[PDB]
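Below is one structure; the comments refer to it alone.
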Amino acid sequence: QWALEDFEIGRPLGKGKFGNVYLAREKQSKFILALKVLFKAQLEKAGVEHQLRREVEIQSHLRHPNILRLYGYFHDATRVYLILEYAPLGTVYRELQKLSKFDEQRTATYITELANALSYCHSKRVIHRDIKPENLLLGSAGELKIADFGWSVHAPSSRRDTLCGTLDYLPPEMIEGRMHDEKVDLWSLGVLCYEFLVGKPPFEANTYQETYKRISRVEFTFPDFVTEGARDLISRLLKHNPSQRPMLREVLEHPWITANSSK
Ligand SMILES: O=C(O)c1ccc(Nc2nccc(Nc3ccccc3F)n2)cc1
């Protein structure tokens with residue numbers, strides 16, 4: 001069992017509504033990790049305790065290269081602490097703001113990485129991971145890690161979309177006040193891919209109700225440059241009916257994936 005003084009604390013990597021993630025290192029081994037700090041006073045207000053409590057339980061059990069590993073958890077009085085894997089390269093979000101778009105090789109690789117994570121997660125009976133770029137981190141060299149977990153944290157940047165970066169990634173079934181099956185995730189995949197190539201999500205709009213309009217009615221159009229295998233994958237992924245959406249492995253199999261995927 002750990003405690004706060006077992007750790008040296010660096011800068012905040014990102015600041016959230018319930019707390020902050022700090023760069024840290026265990027004092028003895030001098031091994032660097034990321035410490036999520038949860039103020040716990042917003043935690044009651046927001047009515048989230050027991051959930052989080054079993055969430056550390058679940059995510060404790062998740063081992064994947066494309067999933068950020070939760071090493072441990074502890075708490076004191078005012079704060080809960082998640083001891084996390086450190087991802088040196090930061091957010092795919094700032095990367096995407098850097099380049100303004102990715103290419104098909106990068107994109108295809110990220111998408112297979114993600115598909116593996118979600119496939120793994122499903123086999124572990126875990127659904128509805130938050131895969132929007134803000135929640136995705138970059139490991140040692142290029143590798144892509146799903147952060148999720150602690151409700152969303154940001155490093156200072158852009159400013160533009162703050163949130164209201166929200167439902168672009170929400171599926172019609174979720175937004176529409178209904179339940180969801182594992183297939184929720186494959187909608188996000190579609191959206192992600194689009195963004196990667198385009199630089200913006202397919203449903204982006206200057207009002208919430210209009211974004212909704214486009215999502216639930218699945219109204220989205222490709223710029224000239226998007227290749228059609230890309231189009232096929234995306235169109236195949238974004239379907240009002242969950243049942244018409246591919247299974248993950250089918251996604252990995254997709255011809256365009258295999259074509260440009262470095263993995
Ligand atoms: O800003 C940067 O250069 C930067 C941001 C993050 C980072 N690595 C990391 N590792 C593990 C967890 C974690 N939380 C987190 C922090 C901020 C936003 C989103 C996050 F999910 N962030 C490295 C650099």
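Within each chain, counting starts at residue 1; across the structure tokens, chains are named A, B, ... in the order shown, with ligands numbered 1 upward in that order.
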
- Query: Could you pull the residues within 8 Å of residue A:9, counting only C-alpha atoms, minus those fewer than 5 positions along the same chain, as an NGL selection string?
  - Reply: :A and (22-25)

- Item | Spatial neighbours of stretch 200-208 of chain A, 10 Å, only C-alpha atoms, chain gap at least 3 places, as a PyMOL selection string | chain A and resi 96-97+100-101+132+164-169+190-197+211-216+218-222

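Taking only stretch 21-53 of chain A, the residues that DSSP calls strand (DSSP E or B) from the backbone come to residues 21, 22, 23, 24, 25, 26, 32, 33, 34, 35, 36, 37 and 38 of chain A.
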
Selected residues written out with C-alpha atoms, as an mmCIF file, in the first residue's frame:
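Heads up, here's the output in selection-v9.cif:
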```cif
data_model
loop_
_atom_site.group_PDB
_atom_site.id
_atom_site.type_symbol
_atom_site.label_atom_id
_atom_site.label_comp_id
_atom_site.auth_asym_id
_atom_site.auth_seq_id
_atom_site.Cartn_x
_atom_site.Cartn_y
_atom_site.Cartn_z
ATOM 1 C CA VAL A 21 -2.789 14.371 -12.961
ATOM 2 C CA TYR A 22 0.774 15.147 -11.891
ATOM 3 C CA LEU A 23 4.049 13.884 -13.246
ATOM 4 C CA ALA A 24 5.555 11.881 -10.413
ATOM 5 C CA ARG A 25 8.219 9.377 -9.461
ATOM 6 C CA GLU A 26 8.380 6.838 -6.664
ATOM 7 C CA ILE A 32 8.410 8.015 -13.194
ATOM 8 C CA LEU A 33 4.637 7.563 -13.393
ATOM 9 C CA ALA A 34 1.471 9.663 -13.506
ATOM 10 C CA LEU A 35 -0.502 10.407 -10.341
ATOM 11 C CA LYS A 36 -4.208 11.135 -10.707
ATOM 12 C CA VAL A 37 -5.474 13.208 -7.778
ATOM 13 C CA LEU A 38 -9.220 13.288 -7.106
#
```

- Item | All residues 9 Å or closer to stretch 109-123 of chain A, only C-alpha atoms, same chain fewer than 4 positions away omitted, as a ChimeraX atom specification | /A:62-67,104-105,127-129,131,143-146,182,185-186,189,192-193,248-249,251-252,257,260-263

Which residues in stretch 9-180 of chain A does DSSP call helix (DSSP H, G or I)? List them as a JSON list (two decimals) with N, CA, C and O atoms, in the first residue's frame.
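The result, written out as selection.json:
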```
[["chain", "number", "residue", "atom", "x", "y", "z"],
["A", 41, "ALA", "N", -14.38, 15.90, -2.96],
["A", 41, "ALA", "CA", -15.46, 16.81, -2.55],
["A", 41, "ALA", "C", -16.41, 17.11, -3.71],
["A", 41, "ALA", "O", -17.60, 17.33, -3.51],
["A", 42, "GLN", "N", -15.86, 17.12, -4.92],
["A", 42, "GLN", "CA", -16.66, 17.21, -6.15],
["A", 42, "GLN", "C", -17.18, 15.83, -6.43],
["A", 42, "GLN", "O", -18.10, 15.64, -7.23],
["A", 43, "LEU", "N", -16.58, 14.84, -5.77],
["A", 43, "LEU", "CA", -16.95, 13.46, -6.05],
["A", 43, "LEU", "C", -18.34, 13.14, -5.50],
["A", 43, "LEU", "O", -19.14, 12.50, -6.19],
["A", 44, "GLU", "N", -18.65, 13.60, -4.28],
["A", 44, "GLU", "CA", -20.01, 13.46, -3.76],
["A", 44, "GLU", "C", -20.98, 14.29, -4.56],
["A", 44, "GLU", "O", -22.00, 13.78, -5.02],
["A", 45, "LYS", "N", -20.67, 15.57, -4.71],
["A", 45, "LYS", "CA", -21.54, 16.45, -5.47],
["A", 45, "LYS", "C", -21.96, 15.73, -6.74],
["A", 45, "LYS", "O", -23.14, 15.46, -6.95],
["A", 50, "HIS", "N", -18.98, 4.92, -5.29],
["A", 50, "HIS", "CA", -18.96, 3.46, -5.45],
["A", 50, "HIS", "C", -18.55, 3.02, -6.86],
["A", 50, "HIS", "O", -17.78, 2.08, -7.03],
["A", 51, "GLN", "N", -19.08, 3.70, -7.87],
["A", 51, "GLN", "CA", -18.66, 3.47, -9.26],
["A", 51, "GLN", "C", -17.15, 3.49, -9.36],
["A", 51, "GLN", "O", -16.55, 2.51, -9.74],
["A", 52, "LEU", "N", -16.55, 4.63, -9.03],
["A", 52, "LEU", "CA", -15.11, 4.84, -9.13],
["A", 52, "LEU", "C", -14.36, 3.73, -8.41],
["A", 52, "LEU", "O", -13.32, 3.24, -8.87],
["A", 53, "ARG", "N", -14.94, 3.35, -7.28],
["A", 53, "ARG", "CA", -14.51, 2.34, -6.29],
["A", 53, "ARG", "C", -14.39, 0.96, -6.90],
["A", 53, "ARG", "O", -13.57, 0.14, -6.46],
["A", 54, "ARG", "N", -15.31, 0.65, -7.80],
["A", 54, "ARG", "CA", -15.24, -0.61, -8.53],
["A", 54, "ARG", "C", -14.54, -0.41, -9.86],
["A", 54, "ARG", "O", -14.21, -1.36, -10.56],
["A", 55, "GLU", "N", -14.31, 0.85, -10.22],
["A", 55, "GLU", "CA", -13.68, 1.16, -11.49],
["A", 55, "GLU", "C", -12.20, 0.90, -11.35],
["A", 55, "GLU", "O", -11.57, 0.37, -12.25],
["A", 56, "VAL", "N", -11.65, 1.28, -10.21],
["A", 56, "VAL", "CA", -10.27, 0.95, -9.91],
["A", 56, "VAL", "C", -10.14, -0.57, -9.81],
["A", 56, "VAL", "O", -9.10, -1.15, -10.16],
["A", 57, "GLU", "N", -11.21, -1.22, -9.36],
["A", 57, "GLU", "CA", -11.28, -2.67, -9.29],
["A", 57, "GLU", "C", -11.15, -3.29, -10.68],
["A", 57, "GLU", "O", -10.30, -4.14, -10.91],
["A", 58, "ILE", "N", -12.02, -2.86, -11.60],
["A", 58, "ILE", "CA", -11.99, -3.32, -12.98],
["A", 58, "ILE", "C", -10.67, -2.99, -13.68],
["A", 58, "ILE", "O", -9.90, -3.88, -14.03],
["A", 59, "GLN", "N", -10.41, -1.70, -13.87],
["A", 59, "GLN", "CA", -9.24, -1.22, -14.58],
["A", 59, "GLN", "C", -7.94, -1.69, -13.94],
["A", 59, "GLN", "O", -6.89, -1.67, -14.58],
["A", 60, "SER", "N", -8.00, -2.11, -12.68],
["A", 60, "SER", "CA", -6.84, -2.74, -12.06],
["A", 60, "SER", "C", -6.47, -4.00, -12.83],
["A", 60, "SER", "O", -5.30, -4.38, -12.91],
["A", 92, "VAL", "N", -2.99, 12.70, -28.23],
["A", 92, "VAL", "CA", -3.19, 12.64, -29.67],
["A", 92, "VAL", "C", -3.91, 13.92, -30.09],
["A", 92, "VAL", "O", -3.90, 14.28, -31.26],
["A", 93, "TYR", "N", -4.52, 14.60, -29.13],
["A", 93, "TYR", "CA", -5.26, 15.82, -29.41],
["A", 93, "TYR", "C", -4.33, 16.98, -29.80],
["A", 93, "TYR", "O", -4.57, 17.69, -30.78],
["A", 94, "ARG", "N", -3.28, 17.18, -29.01],
["A", 94, "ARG", "CA", -2.31, 18.22, -29.34],
["A", 94, "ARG", "C", -1.53, 17.82, -30.59],
["A", 94, "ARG", "O", -1.14, 18.69, -31.37],
["A", 95, "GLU", "N", -1.30, 16.53, -30.79],
["A", 95, "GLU", "CA", -0.61, 16.06, -31.99],
["A", 95, "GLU", "C", -1.44, 16.42, -33.21],
["A", 95, "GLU", "O", -0.92, 16.90, -34.23],
["A", 96, "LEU", "N", -2.74, 16.21, -33.08],
["A", 96, "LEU", "CA", -3.68, 16.44, -34.17],
["A", 96, "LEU", "C", -3.83, 17.93, -34.43],
["A", 96, "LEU", "O", -4.09, 18.35, -35.55],
["A", 97, "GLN", "N", -3.68, 18.74, -33.38],
["A", 97, "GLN", "CA", -3.69, 20.18, -33.56],
["A", 97, "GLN", "C", -2.38, 20.64, -34.20],
["A", 97, "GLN", "O", -2.33, 21.64, -34.91],
["A", 98, "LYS", "N", -1.31, 19.89, -33.94],
["A", 98, "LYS", "CA", 0.00, 20.18, -34.51],
["A", 98, "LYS", "C", -0.04, 20.01, -36.01],
["A", 98, "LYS", "O", 0.23, 20.95, -36.76],
["A", 99, "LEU", "N", -0.38, 18.80, -36.45],
["A", 99, "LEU", "CA", -0.35, 18.47, -37.87],
["A", 99, "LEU", "C", -1.60, 18.95, -38.62],
["A", 99, "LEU", "O", -1.56, 19.17, -39.83],
["A", 104, "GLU", "N", -2.89, 8.30, -43.75],
["A", 104, "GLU", "CA", -3.59, 7.04, -43.73],
["A", 104, "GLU", "C", -2.81, 5.93, -43.06],
["A", 104, "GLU", "O", -3.38, 4.96, -42.56],
["A", 105, "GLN", "N", -1.49, 6.07, -43.06],
["A", 105, "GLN", "CA", -0.64, 5.09, -42.39],
["A", 105, "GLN", "C", -0.72, 5.24, -40.86],
["A", 105, "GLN", "O", -1.04, 4.28, -40.13],
["A", 106, "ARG", "N", -0.48, 6.46, -40.40],
["A", 106, "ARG", "CA", -0.69, 6.81, -39.00],
["A", 106, "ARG", "C", -2.11, 6.45, -38.55],
["A", 106, "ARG", "O", -2.31, 5.73, -37.57],
["A", 107, "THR", "N", -3.09, 6.94, -39.30],
["A", 107, "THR", "CA", -4.49, 6.68, -38.99],
["A", 107, "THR", "C", -4.84, 5.19, -38.90],
["A", 107, "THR", "O", -5.44, 4.74, -37.93],
["A", 108, "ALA", "N", -4.46, 4.43, -39.92],
["A", 108, "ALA", "CA", -4.76, 3.00, -39.95],
["A", 108, "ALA", "C", -4.13, 2.28, -38.76],
["A", 108, "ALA", "O", -4.72, 1.37, -38.16],
["A", 109, "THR", "N", -2.91, 2.71, -38.41],
["A", 109, "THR", "CA", -2.21, 2.11, -37.28],
["A", 109, "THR", "C", -2.89, 2.42, -35.93],
["A", 109, "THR", "O", -3.08, 1.54, -35.08],
["A", 110, "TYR", "N", -3.24, 3.69, -35.74],
["A", 110, "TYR", "CA", -3.96, 4.10, -34.54],
["A", 110, "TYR", "C", -5.25, 3.31, -34.43],
["A", 110, "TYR", "O", -5.63, 2.87, -33.34],
["A", 111, "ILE", "N", -5.93, 3.14, -35.56],
["A", 111, "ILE", "CA", -7.22, 2.46, -35.56],
["A", 111, "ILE", "C", -7.09, 0.97, -35.24],
["A", 111, "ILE", "O", -7.96, 0.42, -34.56],
["A", 112, "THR", "N", -6.03, 0.32, -35.70],
["A", 112, "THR", "CA", -5.85, -1.09, -35.31],
["A", 112, "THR", "C", -5.46, -1.21, -33.84],
["A", 112, "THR", "O", -5.91, -2.13, -33.14],
["A", 113, "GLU", "N", -4.62, -0.29, -33.38],
["A", 113, "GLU", "CA", -4.25, -0.22, -31.97],
["A", 113, "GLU", "C", -5.50, -0.14, -31.08],
["A", 113, "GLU", "O", -5.71, -0.95, -30.15],
["A", 114, "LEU", "N", -6.35, 0.84, -31.40],
["A", 114, "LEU", "CA", -7.61, 1.04, -30.70],
["A", 114, "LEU", "C", -8.50, -0.19, -30.79],
["A", 114, "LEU", "O", -9.04, -0.64, -29.78],
["A", 115, "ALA", "N", -8.66, -0.72, -31.99],
["A", 115, "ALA", "CA", -9.48, -1.91, -32.20],
["A", 115, "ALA", "C", -9.03, -3.06, -31.30],
["A", 115, "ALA", "O", -9.85, -3.81, -30.77],
["A", 116, "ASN", "N", -7.72, -3.18, -31.13],
["A", 116, "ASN", "CA", -7.17, -4.20, -30.25],
["A", 116, "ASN", "C", -7.55, -3.92, -28.82],
["A", 116, "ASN", "O", -7.98, -4.81, -28.09],
["A", 117, "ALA", "N", -7.39, -2.66, -28.41],
["A", 117, "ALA", "CA", -7.78, -2.29, -27.05],
["A", 117, "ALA", "C", -9.24, -2.63, -26.78],
["A", 117, "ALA", "O", -9.54, -3.34, -25.84],
["A", 118, "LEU", "N", -10.15, -2.14, -27.63],
["A", 118, "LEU", "CA", -11.58, -2.36, -27.47],
["A", 118, "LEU", "C", -11.96, -3.84, -27.52],
["A", 118, "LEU", "O", -12.88, -4.26, -26.81],
["A", 119, "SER", "N", -11.28, -4.60, -28.37],
["A", 119, "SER", "CA", -11.52, -6.04, -28.50],
["A", 119, "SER", "C", -11.14, -6.75, -27.21],
["A", 119, "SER", "O", -11.90, -7.58, -26.67],
["A", 120, "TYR", "N", -9.96, -6.40, -26.72],
["A", 120, "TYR", "CA", -9.49, -6.86, -25.42],
["A", 120, "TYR", "C", -10.49, -6.53, -24.32],
["A", 120, "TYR", "O", -10.92, -7.40, -23.57],
["A", 121, "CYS", "N", -10.83, -5.25, -24.22],
["A", 121, "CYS", "CA", -11.78, -4.72, -23.25],
["A", 121, "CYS", "C", -13.08, -5.52, -23.27],
["A", 121, "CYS", "O", -13.59, -5.92, -22.22],
["A", 122, "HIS", "N", -13.62, -5.73, -24.46],
["A", 122, "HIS", "CA", -14.84, -6.49, -24.59],
["A", 122, "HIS", "C", -14.66, -7.88, -24.02],
["A", 122, "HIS", "O", -15.45, -8.31, -23.18],
["A", 123, "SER", "N", -13.61, -8.59, -24.45],
["A", 123, "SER", "CA", -13.34, -9.92, -23.91],
["A", 123, "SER", "C", -13.24, -9.92, -22.38],
["A", 123, "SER", "O", -13.52, -10.92, -21.72],
["A", 133, "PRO", "N", -9.87, 11.98, -29.00],
["A", 133, "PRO", "CA", -8.43, 12.27, -29.02],
["A", 133, "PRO", "C", -7.90, 12.79, -27.69],
["A", 133, "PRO", "O", -6.77, 12.46, -27.30],
["A", 134, "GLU", "N", -8.71, 13.59, -27.00],
["A", 134, "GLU", "CA", -8.35, 14.14, -25.70],
["A", 134, "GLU", "C", -8.03, 13.05, -24.68],
["A", 134, "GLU", "O", -7.18, 13.24, -23.82],
["A", 135, "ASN", "N", -8.70, 11.91, -24.79],
["A", 135, "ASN", "CA", -8.53, 10.81, -23.85],
["A", 135, "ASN", "C", -7.48, 9.80, -24.30],
["A", 135, "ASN", "O", -7.21, 8.82, -23.61],
["A", 172, "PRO", "N", -25.89, 7.83, -31.74],
["A", 172, "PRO", "CA", -27.32, 8.16, -31.74],
["A", 172, "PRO", "C", -28.07, 7.46, -30.62],
["A", 172, "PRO", "O", -28.89, 8.09, -29.95],
["A", 173, "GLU", "N", -27.79, 6.18, -30.41],
["A", 173, "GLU", "CA", -28.44, 5.40, -29.35],
["A", 173, "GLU", "C", -28.17, 5.95, -27.95],
["A", 173, "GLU", "O", -29.06, 5.94, -27.10],
["A", 174, "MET", "N", -26.96, 6.43, -27.71],
["A", 174, "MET", "CA", -26.60, 7.02, -26.42],
["A", 174, "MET", "C", -27.22, 8.40, -26.23],
["A", 174, "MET", "O", -27.81, 8.69, -25.20],
["A", 175, "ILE", "N", -27.07, 9.26, -27.24],
["A", 175, "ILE", "CA", -27.62, 10.60, -27.18],
["A", 175, "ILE", "C", -29.13, 10.56, -27.05],
["A", 175, "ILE", "O", -29.74, 11.45, -26.45]]
```

- Please extract the residues at most 9 Å from ligand 1, counting only C-alpha atoms and all ligand atoms, and provide them as a ChimeraX atom specification, using the chain letters and residue numbers of this document. /A:12-16,20-23,33-36,68,84-91,94,134-139,146-150,152-157

Export of the given selection (N, CA and C atoms) as a compact mmCIF listing (two decimals), in the first residue's frame:
```
# COMPACT_ATOMS: atom_id res chain seq x y z
N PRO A 12 1.79 19.54 -13.04
CA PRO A 12 0.55 18.94 -13.52
C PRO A 12 0.62 18.69 -15.03
N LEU A 13 0.31 17.46 -15.43
CA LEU A 13 0.24 17.09 -16.84
C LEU A 13 -1.07 17.59 -17.43
N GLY A 14 -2.13 17.51 -16.63
CA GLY A 14 -3.42 18.05 -17.00
C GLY A 14 -4.24 18.37 -15.76
N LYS A 15 -5.19 19.29 -15.91
CA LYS A 15 -6.07 19.67 -14.81
C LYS A 15 -7.51 19.35 -15.16
N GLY A 16 -8.18 18.60 -14.30
CA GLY A 16 -9.56 18.22 -14.50
C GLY A 16 -10.52 18.96 -13.59
N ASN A 20 -6.36 16.69 -10.55
CA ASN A 20 -5.26 16.84 -11.51
C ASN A 20 -4.41 15.59 -11.63
N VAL A 21 -3.78 15.41 -12.79
CA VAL A 21 -2.79 14.37 -12.96
C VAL A 21 -1.45 15.06 -12.86
N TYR A 22 -0.57 14.58 -11.99
CA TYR A 22 0.77 15.15 -11.89
C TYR A 22 1.80 14.16 -12.38
N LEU A 23 2.88 14.68 -12.96
CA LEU A 23 4.05 13.88 -13.25
C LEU A 23 4.65 13.54 -11.90
N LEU A 33 5.99 7.98 -13.10
CA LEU A 33 4.64 7.56 -13.39
C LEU A 33 3.72 8.79 -13.39
N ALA A 34 2.43 8.57 -13.56
CA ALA A 34 1.47 9.66 -13.51
C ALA A 34 0.50 9.46 -12.35
N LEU A 35 0.36 10.48 -11.51
CA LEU A 35 -0.50 10.41 -10.34
C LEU A 35 -1.80 11.18 -10.54
N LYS A 36 -2.91 10.47 -10.67
CA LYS A 36 -4.21 11.13 -10.71
C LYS A 36 -4.71 11.44 -9.29
N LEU A 68 -3.73 2.32 -20.95
CA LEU A 68 -2.89 2.88 -19.90
C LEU A 68 -3.08 2.07 -18.63
N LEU A 84 -0.67 5.60 -12.04
CA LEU A 84 -0.87 5.33 -13.46
C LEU A 84 0.43 5.26 -14.26
N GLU A 85 0.35 4.55 -15.38
CA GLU A 85 1.40 4.56 -16.37
C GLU A 85 1.59 5.98 -16.90
N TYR A 86 2.84 6.37 -17.11
CA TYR A 86 3.13 7.67 -17.69
C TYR A 86 3.29 7.57 -19.21
N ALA A 87 2.60 8.44 -19.93
CA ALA A 87 2.74 8.49 -21.38
C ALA A 87 3.46 9.77 -21.75
N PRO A 88 4.74 9.65 -22.13
CA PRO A 88 5.66 10.77 -22.35
C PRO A 88 5.19 11.74 -23.42
N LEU A 89 4.58 11.21 -24.48
CA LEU A 89 4.29 12.01 -25.66
C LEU A 89 3.02 12.84 -25.58
N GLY A 90 2.22 12.60 -24.54
CA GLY A 90 1.02 13.39 -24.31
C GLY A 90 -0.18 12.96 -25.14
N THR A 91 -1.02 13.94 -25.47
CA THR A 91 -2.30 13.67 -26.14
C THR A 91 -2.24 13.64 -27.66
N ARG A 94 -3.28 17.18 -29.01
CA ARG A 94 -2.31 18.22 -29.34
C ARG A 94 -1.53 17.82 -30.59
N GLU A 134 -8.71 13.59 -27.00
CA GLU A 134 -8.35 14.14 -25.70
C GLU A 134 -8.03 13.05 -24.68
N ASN A 135 -8.70 11.91 -24.79
CA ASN A 135 -8.53 10.81 -23.85
C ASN A 135 -7.48 9.80 -24.30
N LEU A 136 -6.90 10.04 -25.47
CA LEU A 136 -5.89 9.14 -26.00
C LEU A 136 -4.51 9.73 -25.78
N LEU A 137 -3.58 8.89 -25.35
CA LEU A 137 -2.23 9.34 -25.03
C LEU A 137 -1.22 8.58 -25.88
N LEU A 138 0.00 9.11 -25.94
CA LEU A 138 1.06 8.52 -26.75
C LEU A 138 2.24 8.04 -25.91
N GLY A 139 2.52 6.74 -26.01
CA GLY A 139 3.56 6.12 -25.21
C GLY A 139 4.97 6.38 -25.71
N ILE A 146 -5.26 4.12 -24.46
CA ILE A 146 -6.55 4.62 -24.02
C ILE A 146 -6.46 4.98 -22.54
N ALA A 147 -6.73 6.24 -22.23
CA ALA A 147 -6.64 6.75 -20.87
C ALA A 147 -7.93 6.47 -20.12
N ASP A 148 -9.01 7.08 -20.59
CA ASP A 148 -10.32 6.91 -19.98
C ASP A 148 -10.31 7.27 -18.49
N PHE A 149 -11.00 6.44 -17.71
CA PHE A 149 -10.98 6.55 -16.25
C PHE A 149 -11.40 7.93 -15.72
N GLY A 150 -10.49 8.56 -14.98
CA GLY A 150 -10.76 9.83 -14.33
C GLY A 150 -11.36 10.84 -15.28
N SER A 152 -12.72 13.89 -17.45
CA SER A 152 -11.66 14.36 -18.34
C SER A 152 -10.70 15.45 -17.85
N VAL A 153 -9.42 15.20 -18.10
CA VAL A 153 -8.33 16.12 -17.77
C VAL A 153 -7.73 16.73 -19.03
N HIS A 154 -7.26 17.97 -18.92
CA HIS A 154 -6.62 18.64 -20.05
C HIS A 154 -5.33 19.38 -19.69
N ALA A 155 -4.34 19.26 -20.57
CA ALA A 155 -3.18 20.14 -20.55
C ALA A 155 -3.61 21.43 -21.25
N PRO A 156 -3.12 22.58 -20.78
CA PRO A 156 -3.57 23.87 -21.33
C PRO A 156 -3.26 23.99 -22.82
N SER A 157 -4.27 24.35 -23.62
CA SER A 157 -4.11 24.42 -25.07
C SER A 157 -5.39 24.78 -25.82
```
